[PDB]
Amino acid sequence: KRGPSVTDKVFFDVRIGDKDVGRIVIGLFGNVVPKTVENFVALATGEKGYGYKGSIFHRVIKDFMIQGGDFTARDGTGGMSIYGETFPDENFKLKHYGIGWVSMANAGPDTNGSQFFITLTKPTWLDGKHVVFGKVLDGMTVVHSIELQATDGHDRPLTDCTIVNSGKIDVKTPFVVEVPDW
């Protein structure tokens, strides 16, 4: 009934070491945050010649979130958008409503690049600071398999959790994801 509509989908096929653990499918709210969605889709298809295929989840914190998308420095300092090194915070219409919502990592206001996180809790302290733009529709088992990986002293998994393939899946008719107040 009431909520934002999923307009686009992106998939990530994940391998942890050399075991293929499966696919994450993310629904994106293209009507609400069009520029942030177009960026993430383009980086997932690799259509500008660079993007998420071959990048890893570099920061994994149990019961909080998994973070990835740094395809340039692979450690957390880089990444880049299709609009330049950073682009402004589009809006904060969506909140981090619960587990499995997808949001942009940043280094303060208007510094969105390519890094993103998938929540594993309801991080209300982040609302209004990070642009939310998607929700995992399928593959939360894969997200928890990354979560349970032993990490080093900087919360990086000691076995690479790699997006070995990524891309888009078209949505013929947008559908609603119910959210509390809308």
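Counting begins at 1, following the sequence as shown.
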| note | The stretch whose C-alpha atoms carry the larger average B-factor in the entry, 151-159 or 125-133, is 151-159
| 166-174 versus 18-26 - which carries the larger mean C-alpha B factor in the record | 18-26
| note | So, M104's CA B-factor, relative to its chain, sits in which third? The lowest
| query | Can you tell me which third, lowest, middle or highest, the CA B-factor of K62 falls into for its chain? | reply | highest
